[PDB]
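Next comes target32.txt, with compact mmCIF, N, CA and C atoms and all ligand atoms.
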# COMPACT_ATOMS: atom_id res chain seq x y z
N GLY A 1 4.91 26.20 -4.53
CA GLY A 1 3.60 25.50 -4.53
C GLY A 1 3.19 25.04 -3.15
N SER A 2 2.01 24.44 -3.06
CA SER A 2 1.50 23.96 -1.78
C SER A 2 2.33 22.80 -1.22
N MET A 3 2.31 22.67 0.10
CA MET A 3 2.80 21.46 0.76
C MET A 3 1.72 20.40 0.72
N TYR A 4 2.12 19.13 0.63
CA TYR A 4 1.15 18.04 0.62
C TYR A 4 1.04 17.48 2.03
N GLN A 5 0.06 16.64 2.26
CA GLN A 5 0.01 15.85 3.46
C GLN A 5 0.70 14.51 3.15
N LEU A 6 1.49 14.01 4.09
CA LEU A 6 2.22 12.76 3.91
C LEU A 6 1.77 11.78 4.93
N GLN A 7 1.26 10.63 4.44
CA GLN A 7 0.81 9.55 5.26
C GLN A 7 1.84 8.43 5.17
N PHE A 8 2.21 7.90 6.30
CA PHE A 8 3.11 6.74 6.38
C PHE A 8 2.33 5.49 6.46
N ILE A 9 2.73 4.50 5.66
CA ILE A 9 2.19 3.16 5.68
C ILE A 9 3.36 2.23 5.97
N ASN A 10 3.44 1.75 7.18
CA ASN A 10 4.48 0.82 7.56
C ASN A 10 3.86 -0.54 7.60
N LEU A 11 4.16 -1.30 6.55
CA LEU A 11 3.70 -2.66 6.43
C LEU A 11 4.46 -3.55 7.37
N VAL A 12 3.83 -4.26 8.26
CA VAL A 12 4.48 -5.09 9.25
C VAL A 12 4.31 -6.51 8.85
N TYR A 13 5.43 -7.19 8.56
CA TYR A 13 5.43 -8.61 8.15
C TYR A 13 6.82 -9.21 8.33
N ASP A 14 6.85 -10.49 8.62
CA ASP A 14 8.11 -11.24 8.75
C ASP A 14 8.51 -11.76 7.37
N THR A 15 9.54 -11.16 6.82
CA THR A 15 10.04 -11.53 5.48
C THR A 15 10.47 -12.98 5.39
N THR A 16 10.98 -13.51 6.49
CA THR A 16 11.49 -14.87 6.46
C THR A 16 10.41 -15.91 6.29
N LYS A 17 9.13 -15.54 6.36
CA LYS A 17 8.06 -16.46 6.12
C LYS A 17 7.46 -16.43 4.71
N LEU A 18 7.94 -15.52 3.89
CA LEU A 18 7.35 -15.32 2.56
C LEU A 18 8.15 -16.04 1.52
N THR A 19 7.48 -16.33 0.42
CA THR A 19 8.23 -16.82 -0.74
C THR A 19 8.93 -15.66 -1.39
N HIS A 20 9.89 -15.98 -2.24
CA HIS A 20 10.61 -15.00 -2.98
C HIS A 20 9.66 -14.18 -3.83
N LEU A 21 8.68 -14.79 -4.47
CA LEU A 21 7.80 -14.03 -5.32
C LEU A 21 6.89 -13.11 -4.47
N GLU A 22 6.49 -13.56 -3.30
CA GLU A 22 5.67 -12.66 -2.43
C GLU A 22 6.50 -11.46 -2.02
N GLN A 23 7.77 -11.64 -1.74
CA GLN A 23 8.65 -10.53 -1.41
C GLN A 23 8.78 -9.58 -2.58
N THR A 24 8.96 -10.13 -3.79
CA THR A 24 9.02 -9.34 -5.01
C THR A 24 7.82 -8.42 -5.12
N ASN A 25 6.67 -9.02 -4.89
CA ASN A 25 5.42 -8.33 -5.10
C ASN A 25 5.23 -7.17 -4.06
N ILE A 26 5.56 -7.41 -2.81
CA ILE A 26 5.48 -6.31 -1.81
C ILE A 26 6.43 -5.22 -2.23
N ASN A 27 7.60 -5.62 -2.74
CA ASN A 27 8.61 -4.67 -3.08
C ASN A 27 8.19 -3.71 -4.16
N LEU A 28 7.28 -4.10 -5.04
CA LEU A 28 6.75 -3.23 -6.09
C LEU A 28 6.12 -1.95 -5.51
N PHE A 29 5.70 -2.00 -4.24
CA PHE A 29 4.92 -0.88 -3.69
C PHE A 29 5.75 -0.07 -2.75
N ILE A 30 6.94 -0.49 -2.36
CA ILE A 30 7.75 0.25 -1.41
C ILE A 30 8.22 1.51 -2.10
N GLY A 31 8.08 2.63 -1.40
CA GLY A 31 8.53 3.89 -1.95
C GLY A 31 7.69 5.06 -1.51
N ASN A 32 7.98 6.17 -2.17
CA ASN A 32 7.31 7.43 -1.92
C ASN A 32 6.52 7.78 -3.15
N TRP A 33 5.21 8.05 -2.95
CA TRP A 33 4.25 8.18 -4.02
C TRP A 33 3.38 9.39 -3.82
N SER A 34 2.86 9.96 -4.87
CA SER A 34 2.00 11.12 -4.67
C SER A 34 0.87 11.18 -5.66
N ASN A 35 -0.19 11.88 -5.23
CA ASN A 35 -1.35 12.16 -6.07
C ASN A 35 -1.63 13.67 -6.03
N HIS A 36 -1.52 14.31 -7.17
CA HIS A 36 -1.65 15.78 -7.26
C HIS A 36 -3.03 16.35 -6.87
N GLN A 37 -4.09 15.65 -7.25
CA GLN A 37 -5.45 16.08 -6.99
C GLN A 37 -5.80 16.09 -5.50
N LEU A 38 -5.32 15.08 -4.79
CA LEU A 38 -5.55 15.00 -3.36
C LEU A 38 -4.52 15.80 -2.59
N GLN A 39 -3.43 16.17 -3.27
CA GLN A 39 -2.32 16.84 -2.61
C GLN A 39 -1.85 15.98 -1.45
N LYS A 40 -1.68 14.69 -1.76
CA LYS A 40 -1.40 13.67 -0.76
C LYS A 40 -0.25 12.81 -1.26
N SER A 41 0.64 12.51 -0.34
CA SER A 41 1.72 11.57 -0.60
C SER A 41 1.60 10.45 0.39
N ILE A 42 2.02 9.26 -0.05
CA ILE A 42 2.14 8.10 0.83
C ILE A 42 3.56 7.56 0.76
N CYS A 43 4.07 7.21 1.91
CA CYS A 43 5.38 6.60 2.05
C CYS A 43 5.15 5.19 2.56
N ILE A 44 5.41 4.21 1.70
CA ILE A 44 5.19 2.80 2.00
C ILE A 44 6.52 2.14 2.28
N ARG A 45 6.66 1.60 3.45
CA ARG A 45 7.89 0.91 3.85
C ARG A 45 7.58 -0.31 4.63
N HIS A 46 8.56 -1.20 4.75
CA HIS A 46 8.51 -2.32 5.64
C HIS A 46 8.87 -1.84 7.02
N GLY A 47 7.96 -1.96 7.96
CA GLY A 47 8.19 -1.54 9.31
C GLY A 47 8.33 -2.75 10.17
N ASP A 48 8.14 -2.56 11.46
CA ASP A 48 8.19 -3.68 12.40
C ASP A 48 7.30 -3.43 13.61
N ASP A 49 7.39 -4.31 14.62
CA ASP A 49 6.54 -4.23 15.81
C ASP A 49 6.69 -2.94 16.57
N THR A 50 7.83 -2.28 16.42
CA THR A 50 8.05 -1.01 17.14
C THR A 50 7.35 0.14 16.46
N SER A 51 7.13 0.01 15.14
CA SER A 51 6.73 1.11 14.28
C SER A 51 5.40 1.73 14.70
N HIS A 52 5.25 2.99 14.31
CA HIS A 52 3.94 3.64 14.29
C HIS A 52 3.43 3.48 12.86
N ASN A 53 2.18 3.86 12.67
CA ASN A 53 1.52 3.82 11.36
C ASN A 53 1.60 2.37 10.82
N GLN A 54 1.19 1.42 11.61
CA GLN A 54 1.31 0.02 11.27
C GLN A 54 0.13 -0.47 10.49
N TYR A 55 0.42 -1.27 9.46
CA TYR A 55 -0.55 -1.93 8.61
C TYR A 55 -0.23 -3.40 8.50
N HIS A 56 -1.22 -4.24 8.42
CA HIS A 56 -1.16 -5.67 8.32
C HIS A 56 -1.58 -6.03 6.90
N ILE A 57 -0.79 -6.88 6.27
CA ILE A 57 -1.08 -7.38 4.92
C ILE A 57 -1.99 -8.58 4.99
N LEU A 58 -3.12 -8.45 4.29
CA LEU A 58 -4.16 -9.45 4.22
C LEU A 58 -3.94 -10.46 3.08
N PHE A 59 -3.39 -9.99 1.97
CA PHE A 59 -3.24 -10.84 0.78
C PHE A 59 -2.16 -10.27 -0.10
N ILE A 60 -1.30 -11.15 -0.62
CA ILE A 60 -0.29 -10.79 -1.60
C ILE A 60 -0.69 -11.55 -2.88
N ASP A 61 -1.19 -10.83 -3.86
CA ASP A 61 -1.72 -11.40 -5.09
C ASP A 61 -0.59 -11.42 -6.10
N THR A 62 0.11 -12.54 -6.17
CA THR A 62 1.22 -12.68 -7.12
C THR A 62 0.74 -12.95 -8.56
N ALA A 63 -0.51 -13.29 -8.74
CA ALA A 63 -1.06 -13.47 -10.10
C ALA A 63 -1.27 -12.13 -10.83
N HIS A 64 -1.68 -11.11 -10.08
CA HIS A 64 -2.05 -9.83 -10.63
C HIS A 64 -1.29 -8.63 -10.05
N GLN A 65 -0.27 -8.89 -9.24
CA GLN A 65 0.59 -7.85 -8.69
C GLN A 65 -0.18 -6.83 -7.88
N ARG A 66 -0.79 -7.33 -6.82
CA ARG A 66 -1.59 -6.51 -5.93
C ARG A 66 -1.27 -6.90 -4.53
N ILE A 67 -1.50 -5.97 -3.62
CA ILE A 67 -1.52 -6.30 -2.19
C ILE A 67 -2.73 -5.67 -1.53
N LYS A 68 -3.22 -6.33 -0.51
CA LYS A 68 -4.33 -5.83 0.30
C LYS A 68 -3.87 -5.73 1.73
N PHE A 69 -4.27 -4.65 2.43
CA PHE A 69 -3.81 -4.45 3.78
C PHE A 69 -4.80 -3.53 4.51
N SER A 70 -4.70 -3.60 5.81
CA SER A 70 -5.58 -2.75 6.68
C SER A 70 -4.72 -2.20 7.79
N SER A 71 -5.10 -1.06 8.34
CA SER A 71 -4.37 -0.50 9.48
C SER A 71 -4.57 -1.37 10.71
N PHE A 72 -3.57 -1.36 11.58
CA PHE A 72 -3.68 -2.09 12.83
C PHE A 72 -4.89 -1.59 13.61
N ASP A 73 -5.18 -0.29 13.52
CA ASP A 73 -6.25 0.34 14.32
C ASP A 73 -7.67 0.22 13.72
N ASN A 74 -7.84 -0.41 12.56
CA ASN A 74 -9.15 -0.54 11.95
C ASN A 74 -9.19 -1.67 10.92
N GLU A 75 -9.74 -2.81 11.30
CA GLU A 75 -9.76 -3.99 10.43
C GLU A 75 -10.86 -3.94 9.37
N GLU A 76 -11.77 -2.99 9.51
CA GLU A 76 -12.89 -2.89 8.58
C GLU A 76 -12.53 -2.33 7.21
N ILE A 77 -11.63 -1.35 7.15
CA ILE A 77 -11.28 -0.67 5.90
C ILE A 77 -10.07 -1.40 5.32
N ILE A 78 -10.22 -1.85 4.10
CA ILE A 78 -9.18 -2.61 3.38
C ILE A 78 -8.69 -1.73 2.27
N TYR A 79 -7.37 -1.59 2.16
CA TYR A 79 -6.75 -0.89 1.08
C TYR A 79 -6.22 -1.91 0.13
N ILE A 80 -6.34 -1.60 -1.15
CA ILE A 80 -5.79 -2.42 -2.23
C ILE A 80 -4.85 -1.58 -3.03
N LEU A 81 -3.66 -2.09 -3.25
CA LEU A 81 -2.70 -1.47 -4.12
C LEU A 81 -2.51 -2.34 -5.33
N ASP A 82 -2.62 -1.74 -6.50
CA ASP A 82 -2.43 -2.43 -7.79
C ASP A 82 -1.19 -1.90 -8.44
N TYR A 83 -0.29 -2.77 -8.85
CA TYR A 83 0.89 -2.36 -9.61
C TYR A 83 0.51 -1.99 -11.05
N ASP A 84 1.11 -0.90 -11.56
CA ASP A 84 1.09 -0.53 -12.99
C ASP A 84 2.49 -0.69 -13.60
N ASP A 85 3.44 0.12 -13.17
CA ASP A 85 4.85 0.02 -13.55
C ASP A 85 5.72 0.57 -12.45
N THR A 86 7.03 0.64 -12.67
CA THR A 86 7.97 1.05 -11.65
C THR A 86 7.61 2.42 -11.11
N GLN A 87 6.86 3.24 -11.86
CA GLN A 87 6.57 4.63 -11.44
C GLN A 87 5.12 4.91 -11.10
N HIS A 88 4.27 3.92 -11.20
CA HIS A 88 2.85 4.11 -10.95
C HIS A 88 2.22 2.92 -10.24
N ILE A 89 1.47 3.20 -9.17
CA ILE A 89 0.61 2.22 -8.50
C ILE A 89 -0.73 2.83 -8.29
N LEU A 90 -1.75 2.02 -8.09
CA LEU A 90 -3.10 2.50 -7.93
C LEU A 90 -3.67 2.04 -6.61
N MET A 91 -4.43 2.89 -5.92
CA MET A 91 -5.02 2.56 -4.66
C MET A 91 -6.54 2.49 -4.83
N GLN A 92 -7.11 1.49 -4.21
CA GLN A 92 -8.55 1.35 -4.05
C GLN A 92 -8.83 1.06 -2.59
N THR A 93 -10.04 1.36 -2.18
CA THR A 93 -10.52 1.09 -0.87
C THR A 93 -11.70 0.11 -0.97
N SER A 94 -11.73 -0.86 -0.08
CA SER A 94 -12.85 -1.80 0.02
C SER A 94 -13.10 -1.98 1.50
N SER A 95 -13.76 -3.06 1.86
CA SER A 95 -14.03 -3.32 3.26
C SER A 95 -14.32 -4.77 3.54
N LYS A 96 -14.28 -5.08 4.83
CA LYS A 96 -14.45 -6.42 5.28
C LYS A 96 -15.91 -6.84 5.11
N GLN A 97 -16.83 -5.92 5.46
CA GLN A 97 -18.26 -6.28 5.50
C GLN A 97 -19.16 -5.21 4.90
N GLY A 98 -18.61 -4.25 4.19
CA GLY A 98 -19.42 -3.29 3.48
C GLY A 98 -19.72 -3.75 2.08
N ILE A 99 -20.29 -2.82 1.31
CA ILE A 99 -20.62 -3.04 -0.07
C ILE A 99 -19.74 -2.19 -0.96
N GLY A 100 -19.14 -2.82 -1.98
CA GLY A 100 -18.43 -2.08 -2.99
C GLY A 100 -16.94 -1.97 -2.74
N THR A 101 -16.28 -1.54 -3.81
CA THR A 101 -14.84 -1.26 -3.82
C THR A 101 -14.67 -0.03 -4.70
N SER A 102 -13.81 0.91 -4.31
CA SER A 102 -13.69 2.19 -5.03
C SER A 102 -12.91 2.06 -6.29
N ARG A 103 -13.00 3.10 -7.13
CA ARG A 103 -12.28 3.12 -8.40
C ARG A 103 -10.82 3.43 -8.09
N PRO A 104 -9.90 2.88 -8.88
CA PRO A 104 -8.45 3.12 -8.64
C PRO A 104 -8.03 4.59 -8.79
N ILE A 105 -7.12 5.02 -7.93
CA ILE A 105 -6.53 6.36 -7.95
C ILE A 105 -5.05 6.16 -8.17
N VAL A 106 -4.46 6.92 -9.08
CA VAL A 106 -3.10 6.70 -9.47
C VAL A 106 -2.24 7.50 -8.52
N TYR A 107 -1.25 6.81 -7.98
CA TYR A 107 -0.16 7.45 -7.28
C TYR A 107 1.09 7.28 -8.16
N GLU A 108 1.86 8.37 -8.32
CA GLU A 108 3.11 8.39 -9.08
C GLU A 108 4.30 8.44 -8.15
N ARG A 109 5.37 7.69 -8.47
CA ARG A 109 6.55 7.66 -7.64
C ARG A 109 7.25 9.02 -7.64
N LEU A 110 7.64 9.48 -6.49
CA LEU A 110 8.35 10.76 -6.41
C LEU A 110 9.79 10.53 -6.88
N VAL A 111 10.12 10.91 -8.16
CA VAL A 111 11.46 10.76 -8.70
C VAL A 111 12.52 10.92 -7.61
CL CL E 1 5.20 26.62 -7.66
CL CL E 2 0.52 5.04 15.62

Output the file's structure in the form of structure tokens.
Amino acid sequence: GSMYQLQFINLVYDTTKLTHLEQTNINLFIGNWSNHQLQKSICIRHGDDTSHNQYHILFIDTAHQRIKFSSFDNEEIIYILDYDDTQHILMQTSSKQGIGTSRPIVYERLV
């Protein structure tokens, strides 16, 4: 079959400043995920100041199991990840000063 494109998302954050539940919630999204229709995979990991593909977390929603983040290189585009279960998360796109938020797209964990 076809090869996919793989995008790295290295979330940059100091764990020692978070609550246990905020850590839990980020951890729901760490992993390797794919969407068949886009032929796209994302690899979400905790990175650091040295990393490439750096993203900054804007909000950790422990009420609804979501995180919001933006790339270091563009503060305007906001990504939202919604937890479903251990094998499924959903991505939406919003923005700092635009109108609207996109419909969720399911990413499945690569067994
Ligand atoms: Cl095949
Ligand atoms: Cl980079």

Legend entry - Selected residue, from A:24, A:51, A:43, A:9, that lies nearest to ligand CL 2 (chain E) when counting all atoms listed in the file: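 Checking each of A:24, A:51, A:43, A:9 against ligand CL 2 (chain E), counting all atoms listed in the file, the winner is A:51.
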
Inset, instruction - Step by step, measure atom-to-atom distances between ligand CL 2 (chain E) and each residue using all atoms listed in the file, keep those at most 6.5 Å, then write them as an MDAnalysis selection string. - result: chainID A and resid 51:54

Legend entry - Computed interatomic separation between atom N of residue 18 in chain A and atom C of residue 59 in chain A (Å):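 For atom N of residue 18 in chain A relative to atom C of residue 59 in chain A, the distance reads 12.1 Å.
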
Inset, instruction - Tell me, as a PyMOL selection string, which residues lie within 9 Å of range 89-102 of chain A, counting only C-alpha atoms; anything in the same chain fewer than 5 positions away does not count. - result: chain A and resi 28-29+33+75-84+107-109

Inset, instruction - Could you tell me how far atom C of residue 41 in chain A lies from CA of residue 60 in chain A, in Å and to one decimal? - result: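 Pair atom C of residue 41 in chain A / CA of residue 60 in chain A returns 21.4 Å.
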
Legend entry - Minimum-distance residue to residue 36 in chain A, chosen among A:23, A:5, A:65, A:10 (using only C-alpha atoms):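 Closest to residue 36 in chain A of all the choices is A:5.
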
Inset, instruction - Could you tell me which of A:32, A:19, A:27, A:2 comes closest to residue 44 in chain A if we count only C-alpha atoms? - result: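 Between A:32, A:19, A:27, A:2, the residue approaching residue 44 in chain A most closely is A:32.
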
Inset, instruction - Taking the point (-5.0, 0.8, 11.1) as given in the file, collect each protein or nucleic acid residue that comes within 7 Å of it, counting only N, CA and C atoms, and present the set as a ChimeraX atom specification. - result: /A:53-56,70-75

Inset, instruction - Point out the residue among A:30, A:25, A:45, A:39 with the least atom-to-atom distance to residue 11 in chain A, counting only N, CA and C atoms. - result: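 Checking each of A:30, A:25, A:45, A:39 against residue 11 in chain A, counting only N, CA and C atoms, the winner is A:45.
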
Inset, instruction - Compare A:1, A:88, A:6, A:47 by their minimum atom-to-atom distance to ligand CL 1 (chain E), counting all atoms listed in the file, and give me the closest one. - result: A:1

Inset, instruction - Record the distance separating atom C of residue 48 in chain A and atom N of residue 21 in chain A, expressed in Å with one decimal. - result: 21.4 Å

Legend entry - alpha helix (DSSP H) residues, from DSSP on the backbone, in chain A, as a PyMOL selection string: chain A and resi 20-27

Legend entry - Nearest to residue 49 in chain A by atom-to-atom distance, counting only C-alpha atoms, from A:12, A:110, A:3, A:105: A:12

Missing atoms of range 38-56 of chain A rebuilt to N, CA, C and O atoms, written as an mmCIF file, in the coordinates of the input:
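Saved the output as out_25.cif:
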data_model
loop_
_atom_site.group_PDB
_atom_site.id
_atom_site.type_symbol
_atom_site.label_atom_id
_atom_site.label_comp_id
_atom_site.auth_asym_id
_atom_site.auth_seq_id
_atom_site.Cartn_x
_atom_site.Cartn_y
_atom_site.Cartn_z
ATOM 1 N N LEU A 38 -5.320 15.080 -4.790
ATOM 2 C CA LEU A 38 -5.550 15.000 -3.360
ATOM 3 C C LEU A 38 -4.520 15.800 -2.590
ATOM 4 O O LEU A 38 -4.656 16.051 -1.403
ATOM 5 N N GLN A 39 -3.430 16.170 -3.270
ATOM 6 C CA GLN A 39 -2.320 16.840 -2.610
ATOM 7 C C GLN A 39 -1.850 15.980 -1.450
ATOM 8 O O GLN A 39 -1.619 16.442 -0.332
ATOM 9 N N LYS A 40 -1.680 14.690 -1.760
ATOM 10 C CA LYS A 40 -1.400 13.670 -0.760
ATOM 11 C C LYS A 40 -0.250 12.810 -1.260
ATOM 12 O O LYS A 40 -0.195 12.481 -2.430
ATOM 13 N N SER A 41 0.640 12.510 -0.340
ATOM 14 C CA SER A 41 1.720 11.570 -0.600
ATOM 15 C C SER A 41 1.600 10.450 0.390
ATOM 16 O O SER A 41 1.117 10.623 1.522
ATOM 17 N N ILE A 42 2.020 9.260 -0.050
ATOM 18 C CA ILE A 42 2.140 8.100 0.830
ATOM 19 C C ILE A 42 3.560 7.560 0.760
ATOM 20 O O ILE A 42 4.149 7.490 -0.339
ATOM 21 N N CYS A 43 4.070 7.210 1.910
ATOM 22 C CA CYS A 43 5.380 6.600 2.050
ATOM 23 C C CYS A 43 5.150 5.190 2.560
ATOM 24 O O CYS A 43 4.767 5.002 3.678
ATOM 25 N N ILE A 44 5.410 4.210 1.700
ATOM 26 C CA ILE A 44 5.190 2.800 2.000
ATOM 27 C C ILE A 44 6.520 2.140 2.280
ATOM 28 O O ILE A 44 7.376 2.144 1.381
ATOM 29 N N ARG A 45 6.660 1.600 3.450
ATOM 30 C CA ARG A 45 7.890 0.910 3.850
ATOM 31 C C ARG A 45 7.580 -0.310 4.630
ATOM 32 O O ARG A 45 6.492 -0.529 5.103
ATOM 33 N N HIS A 46 8.560 -1.200 4.750
ATOM 34 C CA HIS A 46 8.510 -2.320 5.640
ATOM 35 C C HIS A 46 8.870 -1.840 7.020
ATOM 36 O O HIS A 46 10.017 -1.466 7.258
ATOM 37 N N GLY A 47 7.960 -1.960 7.960
ATOM 38 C CA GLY A 47 8.190 -1.540 9.310
ATOM 39 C C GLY A 47 8.330 -2.750 10.170
ATOM 40 O O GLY A 47 8.591 -3.832 9.667
ATOM 41 N N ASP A 48 8.140 -2.560 11.460
ATOM 42 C CA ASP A 48 8.190 -3.680 12.400
ATOM 43 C C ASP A 48 7.300 -3.430 13.610
ATOM 44 O O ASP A 48 6.470 -2.538 13.582
ATOM 45 N N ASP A 49 7.390 -4.310 14.620
ATOM 46 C CA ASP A 49 6.540 -4.230 15.810
ATOM 47 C C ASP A 49 6.690 -2.940 16.570
ATOM 48 O O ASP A 49 5.787 -2.572 17.308
ATOM 49 N N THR A 50 7.830 -2.280 16.420
ATOM 50 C CA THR A 50 8.050 -1.010 17.140
ATOM 51 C C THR A 50 7.350 0.140 16.460
ATOM 52 O O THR A 50 7.013 1.136 17.127
ATOM 53 N N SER A 51 7.130 0.010 15.140
ATOM 54 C CA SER A 51 6.730 1.110 14.280
ATOM 55 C C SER A 51 5.400 1.730 14.700
ATOM 56 O O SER A 51 4.572 1.102 15.317
ATOM 57 N N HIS A 52 5.250 2.990 14.310
ATOM 58 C CA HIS A 52 3.940 3.640 14.290
ATOM 59 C C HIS A 52 3.430 3.480 12.860
ATOM 60 O O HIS A 52 4.161 2.985 11.970
ATOM 61 N N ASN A 53 2.180 3.860 12.670
ATOM 62 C CA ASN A 53 1.520 3.820 11.360
ATOM 63 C C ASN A 53 1.600 2.370 10.820
ATOM 64 O O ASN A 53 1.968 2.184 9.654
ATOM 65 N N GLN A 54 1.190 1.420 11.610
ATOM 66 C CA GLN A 54 1.310 0.020 11.270
ATOM 67 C C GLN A 54 0.130 -0.470 10.490
ATOM 68 O O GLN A 54 -1.011 -0.205 10.808
ATOM 69 N N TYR A 55 0.420 -1.270 9.460
ATOM 70 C CA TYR A 55 -0.550 -1.930 8.610
ATOM 71 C C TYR A 55 -0.230 -3.400 8.500
ATOM 72 O O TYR A 55 0.962 -3.772 8.451
ATOM 73 N N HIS A 56 -1.220 -4.240 8.420
ATOM 74 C CA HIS A 56 -1.160 -5.670 8.320
ATOM 75 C C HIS A 56 -1.580 -6.030 6.900
ATOM 76 O O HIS A 56 -2.597 -5.577 6.354
#
